[PDB]
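Just the heavy atoms: all of them, side chains too, but no hydrogens, waters or symmetry mates, feed the values below. Below, read A as the first sequence line, B as the second, and so on, with proteins coming before strands; counting in each chain starts at 1.
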Amino acid sequence: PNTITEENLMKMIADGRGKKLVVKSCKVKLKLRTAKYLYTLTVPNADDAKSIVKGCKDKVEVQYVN
Amino acid sequence: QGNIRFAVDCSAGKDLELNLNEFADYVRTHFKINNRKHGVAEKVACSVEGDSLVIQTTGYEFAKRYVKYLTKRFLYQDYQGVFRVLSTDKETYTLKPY
Amino acid sequence: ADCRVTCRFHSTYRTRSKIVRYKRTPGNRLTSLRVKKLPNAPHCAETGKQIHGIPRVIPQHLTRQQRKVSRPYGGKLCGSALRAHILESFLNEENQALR
Amino acid sequence: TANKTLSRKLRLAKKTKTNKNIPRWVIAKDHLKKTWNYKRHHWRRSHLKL
Amino acid sequence: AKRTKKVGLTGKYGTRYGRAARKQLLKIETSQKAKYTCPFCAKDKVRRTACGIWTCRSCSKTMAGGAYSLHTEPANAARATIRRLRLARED
RNA sequence: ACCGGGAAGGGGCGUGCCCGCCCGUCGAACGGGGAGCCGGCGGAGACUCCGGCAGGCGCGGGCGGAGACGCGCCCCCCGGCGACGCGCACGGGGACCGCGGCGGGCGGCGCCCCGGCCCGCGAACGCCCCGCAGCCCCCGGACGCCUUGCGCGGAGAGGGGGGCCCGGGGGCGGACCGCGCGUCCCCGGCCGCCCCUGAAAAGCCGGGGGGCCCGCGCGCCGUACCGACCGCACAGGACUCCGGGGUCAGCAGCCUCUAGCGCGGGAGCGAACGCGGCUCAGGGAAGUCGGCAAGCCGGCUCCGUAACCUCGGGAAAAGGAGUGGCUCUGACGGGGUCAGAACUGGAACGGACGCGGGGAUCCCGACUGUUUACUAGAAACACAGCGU
Ligand SMILES: [K+]
Ligand SMILES: [K+]
Ligand SMILES: [K+]
Ligand SMILES: [K+]
Ligand SMILES: [K+]
Ligand SMILES: [K+]
Ligand SMILES: [K+]
Ligand SMILES: [K+]
Ligand SMILES: [K+]
Ligand SMILES: [K+]
Ligand SMILES: [K+]
Ligand SMILES: [K+]
Ligand SMILES: [K+]
Ligand SMILES: [K+]
Ligand SMILES: [K+]
Ligand SMILES: [K+]
Ligand SMILES: [K+]
Ligand SMILES: [K+]
Ligand SMILES: [K+]
Ligand SMILES: [K+]
Ligand SMILES: [Mg+2]
Ligand SMILES: [Mg+2]
Ligand SMILES: [Mg+2]
Ligand SMILES: [Mg+2]
Ligand SMILES: [Mg+2]
Ligand SMILES: [Mg+2]
Ligand SMILES: [Mg+2]
Ligand SMILES: [Mg+2]
Ligand SMILES: [Mg+2]
Ligand SMILES: [Mg+2]
Ligand SMILES: [Mg+2]
Ligand SMILES: [Mg+2]
């Protein structure tokens, strides 16, 4: 597992390298399941809005909160 | 140090009879600070509101565990086995039957 | 409490490659974890001192660039041994010929 | 031992499998009065050298 | 303050083995623990590492010598006589 | 059957060339070895199952720096890793262990009690930062730098600024908060020691010279349980690993948390005599082949110690005195120790436990060591030394 800067996150999505994304509410955790590593990005909810709209329609998103 | 507050709810203390002044009176005379009782009225004040004891202080802070100790001491007189003291929230205790 | 553990390896004979350390797990448990032997790094062919720049990892696990130094005789000679070979070569040519 | 060769495991496996009584229908079929199989063995008093 | 009067380094032996042996060891063992001079370093840092083997702790040069001292008296004379025989070979 | 090099002893490829001195896919379930962690599930299996997160080995779709140093292959030769002893101490990390706070839960309670007990958890692996010693670079040219100990310097110290290694730590991922004395384990730099100098190979890599992201897979065997083993079944014999608290010099003795709980069966009586124990007035070896057996001594601190001697010893020689509890004071840079004083108790204090009796001599063997497994441990054997 590893962390990632936001700009690298879309490029992995942009090249179809992700398999599933999870949004976690606590500061929000976004977890992307690639072939090699699980990657985690932490942003405030203001920032995660725009990123998910950019979300690749070929990339399954799920949500999670409790 | 600053001022913090605690409270003990005796809502189940209605069908059996429990004065709220006595329990307040019990705590008023027994509270110790630094193993002494001179200079308490000027730090720790027992109120009676909502049928529940309230301990507001001013400049004095201490553990919520001691507020539970004085409760089982005062309850030991004619309630040996009636009540179990449990935590409901932050600063509030609750008296519960068996 | 009681923190005693059992052996992790096939037999309990405590040779130099069967040493563990202890660690607490997220389920509140004391686990054993093997402590690998650390190989030496390469040593100079003329002086027997550690060559600078190479980590103490077996070279199978290091990328090609990580296994080298950027100089003639990079991982064979310690830098001072190179300079002494260079001077001996140049000066003997100056004395075996032209007096 | 917990660390045994497959060849010793197989010969031990056969002594376990054949360590049995005579079936009761065999006693009716063959009209027997000796009913004990005297080639049985028990682990506490045996010396299987296998 | 001086701790013994005669035995020196052979105080490690106690009352054992007799006087003639301990007398021999005091001389031998003092000699093999000594610091000798690098014939190359010119510094006083040569120490024995095994019987016959002497290393400068500053040069790092290794040398072949005596069992309990760097130079023996037979080898000094041999080196001196061999040198004069070579120079005599020169015309 | 036993013994053995002196034999025209095989490979790369692609024909055809080229290279070549001559065994072992025998011998280690503790040595060497490419790579695994957490959580969960079952009546009986788990580093093997399931879920999650990784790692290894395979297969298919010429630049920067002043410098120390930083950022595809093939053959011949030269090297490296694998790869290594013992030791008193000193230093660092981890785990353990304690004290205090704060959060949740218990117990008992004649008096006292914020004083008792239990629970407060974070792996492998990936990225960034930080790492004492130690070795290296640059300037420049010396009455210093520095360790518990040492050690180092014109073959270039100190000082200023840098590079590399470091089984480790931190932060983010994976996903409660402080402070301490010790204990064990590993690691580090030194120093000491030897007529003792403390394996090998597979495998993997570097140098010099010459020629030139996405998929799929990982076969074979062991794996239950046990001191259930050997002594005809049994107070015997039978290798290793993990190791809390109090008292204490302590892995001793004595008590204990966790965990675990057999040992061919019970009851009554309280004779002799036995077996293992305890105490005895007065005397004190008169007993006996013989002080056999038993008893005296014993921890720690201070005082005080002869003959003789291979000058190292003798030596705990011999002999003396003190020692609890409580209330305090001083010294050392938060921590135990060391020193001293008042008061007090049948005229007591290493209060159990643990723990030398001593001295004057003669014979034998110098000494530590070895032996008749099952009646002999010695004066016998060995030994360094000496000699042929
Ligand atoms: K088994
Ligand atoms: K058996
Ligand atoms: K023959
Ligand atoms: K072998
Ligand atoms: K072995
Ligand atoms: K093996
Ligand atoms: K080895
Ligand atoms: K080379
Ligand atoms: K198993
Ligand atoms: K009787
Ligand atoms: K009798
Ligand atoms: K007598
Ligand atoms: K006796
Ligand atoms: K005292
Ligand atoms: K003897
Ligand atoms: K001895
Ligand atoms: K005998
Ligand atoms: K004997
Ligand atoms: K003896
Ligand atoms: K003998
Ligand atoms: Mg083999
Ligand atoms: Mg092995
Ligand atoms: Mg099991
Ligand atoms: Mg070895
Ligand atoms: Mg098992
Ligand atoms: Mg008597
Ligand atoms: Mg007599
Ligand atoms: Mg008589
Ligand atoms: Mg003797
Ligand atoms: Mg003896
Ligand atoms: Mg005998
Ligand atoms: Mg005997």
Side-chain angles (χ1 to χ4, degrees), chain A residues 1-4 15-17 29 35-40 42, chain B residues 32 35 62-66 69-70 73 76 80 86-87 90, chain C residues 1-33 35-45 49-56 58-62 64-65 67-80, chain D residues 1-6 9 43-45, chain E residues 4-7 10-22 41-43 49-51 53 58-59 67:
Chain A
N2 226 138
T3 61
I4 195 169
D15 304 303
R17 267 167 86 189
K29 271 179 165 172
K36 175 70 167 298
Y37 289 114
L38 176 77
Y39 293 98
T40 298
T42 351
Chain B
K32 289 161 165 187
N35 295 95
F62 65 97
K64 198 209 277 169
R65 187 190 164 86
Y66 179 54
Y69 171 96
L70 300 182
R73 288 295 95 232
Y76 183 70
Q80 329 204 347
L86 309 172
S87 278
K90 188 207 183 78
Chain C
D2 190 359
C3 300
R4 287 177 289 179
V5 304
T6 67
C7 187
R8 183 126 169 106
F9 309 106
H10 186 262
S11 306
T12 78
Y13 302 112
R14 200 172 176 271
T15 60
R16 84 187 146 173
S17 67
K18 270 99 195 136
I19 309 292
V20 305
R21 56 174 177 93
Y22 299 114
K23 213 56 188 170
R24 196 148 289 270
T25 65
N28 200 12
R29 200 180 60 78
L30 204 50
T31 197
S32 314
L33 295 157
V35 183
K36 309 224 176 180
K37 303 172 289 184
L38 191 85
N40 289 79
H43 284 66
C44 178
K49 301 203 278 178
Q50 193 166 331
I51 301 281
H52 293 145
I54 319 294
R56 292 186 70 181
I58 57 167
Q60 164 174 351
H61 297 327
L62 293 169
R64 291 192 180 85
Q65 193 167 97
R67 315 191 285 215
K68 316 190 185 201
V69 191
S70 298
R71 189 178 42 239
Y73 298 78
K76 214 209 188 182
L77 303 189
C78 70
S80 261
Chain D
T1 182
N3 307 283
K4 61 164 78 57
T5 68
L6 180 67
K9 187 173 166 188
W43 64 274
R44 252 200 285 93
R45 42 129 202 155
Chain E
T4 31
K5 171 179 171 188
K6 287 149 62 169
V7 301
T10 49
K12 73 183 167 176
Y13 289 133
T15 62
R16 303 178 289 277
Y17 314 117
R19 193 184 155 103
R22 285 195 312 256
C41 307
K43 297 172 160 65
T49 86
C51 170
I53 301 176
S58 188
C59 303

Should the sugar of F/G170 be assigned to the north (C3'-endo side) or south (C2'-endo side) class according to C1'-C2'-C3'-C4'?
north

Closest to the A/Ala35 side chain, choosing from F/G222, F/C214, F/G174:
F/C214

Syn/anti label of F/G154 as read from its glycosidic torsion, with the cut at 90° from 0:
syn

Mark yes when both conditions hold for F/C194 and F/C195 (six-membered ring centres under 5.5 angstrom, interplanar angle under 30 degrees), and no otherwise.
no

Between C/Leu38 (CG) and F/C187 (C1'), how many Å, whole number?
10 Å

Below 4.0 Å: OP1/OP2 of F/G104 and any side-chain N or O of B/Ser87:
yes

Is F/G116 stacked on its strand neighbour F/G115 by the under 5.5 Å, under 30° ring test?
no

Who pairs with B/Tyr66 by side chain to side chain donor-acceptor pair (under 3.5 Å), at least two apart in sequence or on another chain?
none

What integer number of Å spans the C1' atoms of F/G178 and F/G161?
39 Å

For C/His10 and F/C241, what is the distance between atoms NE2 and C1' respectively, to the nearest whole Å?
15 Å

What I want to check is whether an N or O donor and acceptor connect the side chain of C/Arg8 with the base of F/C242 at under 3.5 Å.
no

Kindly label the base of F/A318 as syn or anti, based on whether its glycosidic torsion lies within 90° of 0.
anti

Using a 4.5 Å cut-off on heavy atoms from C-beta on, say whether the side chain of E/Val7 contacts that of E/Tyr13.
no

Looking at the six-ring of each base, are F/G244 and F/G245 less than 5.5 angstrom apart at the centres and less than 30 degrees apart in plane?
yes

Are F/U48 and F/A321 a pair by Watson-Crick or G-U wobble criteria, both distances short of 3.5 Å?
no

Take atom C1' in F/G313 and the same atom in F/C152, then report the distance between them in whole Å.
42 Å

If a positive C1'-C2'-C3'-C4' torsion means north (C3'-endo side) and a negative one means south (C2'-endo side), where does F/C225 fall?
north

Applying side chain to side chain donor-acceptor pair (under 3.5 Å), name anything that partners C/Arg24, two or more places apart in sequence or on another chain.
C/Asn28

Partner nucleotide, any strand, of F/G207 [Watson-Crick/G-U, under 3.5 Å]:
F/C77

How far does OG1 of C/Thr25 sit from CG of C/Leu30, to the nearest 0.5 angstrom?
8.0 Å

A/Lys36 NZ to F/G215 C1': how many Å, rounded?
15 Å

Kindly compute the distance separating CD1 (C/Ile58) from NZ (C/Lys37), expressed to the nearest 0.5 Å.
11.0 Å

Can you give one letter per nucleotide of nucleotides 96-101 of chain F, going 5' to 3': B for a protein heavy atom under 4.0 Å from the base, S for sugar-phosphate only, - for none?
SS----

Measuring only the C1' atom in each nucleotide, how far is F/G149 from F/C90? A whole number of Å is fine.
9 Å

RNA chain F: C/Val5 or E/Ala50, which has the more 5' nearest nucleotide?
E/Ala50

Are F/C135 and F/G134 stacked, with six-ring centres under 5.5 Å and planes under 30°?
yes

Using the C1'-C2'-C3'-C4' sign, is F/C311 on the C3'-endo (north) or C2'-endo (south) side?
south

Does a nitrogen or oxygen in the side chain of C/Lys76 sit under 4.0 Å from OP1 or OP2 of F/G206?
no

It should be established whether C/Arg21 places a side-chain nitrogen or oxygen under 4.0 Å from OP1 or OP2 of nucleotide F/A124.
yes

Drop me the distance from B/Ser87's OG to B/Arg65's CZ, to the nearest 0.5 angstrom.
11.0 Å

Counting only side-chain heavy atoms from C-beta out, which of F/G174, F/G116, F/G56 sits nearest to B/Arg65?
F/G116

Once side chain to side chain donor-acceptor pair (under 3.5 Å) is applied, what residue pairs with a partner in residues 3-15 of chain C remain, sequence neighbours excluded?
C/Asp2-C/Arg4, C/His10-D/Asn3

For F/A29, take OP1 and OP2 only and decide whether either is under 4.0 Å from a side-chain N or O of D/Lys4.
no

To the nearest angstrom, how far is E/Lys5 atom NZ from F/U310 atom P?
11 Å

Rounding to a whole Å, what distance do you find between D/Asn3:CG and F/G222:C1'?
7 Å

Suppose you measure atom P in F/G120 against the same atom in F/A95; what distance do you get, rounded to whole Å?
16 Å

CD1 of E/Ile53 versus P of F/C195: gap in Å, rounded?
12 Å

Side-chain contact test, heavy atoms from C-beta onward, threshold under 4.5 Å: evaluate it for C/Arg56 versus C/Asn40 and give yes or no.
yes

F/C114 phosphate, OP1 or OP2: any side-chain N/O from B/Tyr69 under 4.0 angstrom?
yes

Check the chi torsion on F/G264 and let me know: syn if it falls within 90° of 0, anti if not.
anti

Nearest-Å distance for atom pair CZ/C1', residues E/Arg22 and F/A366
13 Å

Label F/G64 north or south, basing it on the sign of the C1'-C2'-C3'-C4' dihedral.
north

Mark yes or no for a side-chain to base donor-acceptor pair under 3.5 Å between C/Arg29 and F/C121, with no hydrogen or angle criteria applied.
no

With the thresholds 5.5 Å for ring-centre distance and 30 degrees for plane angle, say whether the bases of F/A341 and F/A342 stack.
yes

Assign each of C/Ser80 and C/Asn40 the nucleotide of RNA chain F bearing its closest heavy atom; nearer the 5' end lies the nucleotide of C/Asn40

One should read off an interatomic distance between C/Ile19 CD1 and C/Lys36 NZ, to the nearest 0.5 angstrom, of 14.5 Å

Rounded to whole angstrom, note down the P distance from F/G116 over to F/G126.
47 Å

Reading nucleotides 225-240 of chain F 5' to 3', which nucleotides get B (base under 4.0 Å from a protein heavy atom), which S (sugar-phosphate only), which -?
---S----------BB

Using a 90° cut-off around 0 for syn, call F/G276 syn or anti.
anti

On the nucleotide F/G154, are OP1 or OP2 found under 4.0 Å from the side-chain N or O atoms that E/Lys43 carries?
yes

What integer number of Å spans the P atoms of F/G266 and F/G262?
13 Å

Pairwise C1' distance, F/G211 and F/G12 [rounded to whole Å]:
16 Å

At under 4.0 Å between heavy atoms, what does B/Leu86 touch on the DNA or RNA strands: base, sugar-phosphate, or nothing?
sugar-phosphate

Taking syn as a glycosidic torsion within 90° of 0 and anything else as anti, which one is F/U223?
anti

Do the side-chain N or O atoms of A/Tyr37 get closer than 4.0 angstrom to the phosphate oxygens (OP1, OP2) of F/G55?
yes

Under 3.5 Å for both donor-acceptor distances, Watson-Crick or wobble: does F/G340 have a partner, and if so which one?
F/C328

Could you give the distance separating F/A157 and F/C77 at their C1' atoms, to the nearest angstrom?
43 Å

For every nucleotide of nucleotides 67-77 of chain F, 5' to 3': is a protein heavy atom under 4.0 Å from its base (B), only from its sugar-phosphate (S), or from neither (-)?
-SBBBSS----

Nearest whole angstrom, please: distance from the P of F/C309 to the CZ of E/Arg19.
13 Å

Going by the sign of the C1'-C2'-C3'-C4' torsion, is the sugar of F/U258 north or south?
north

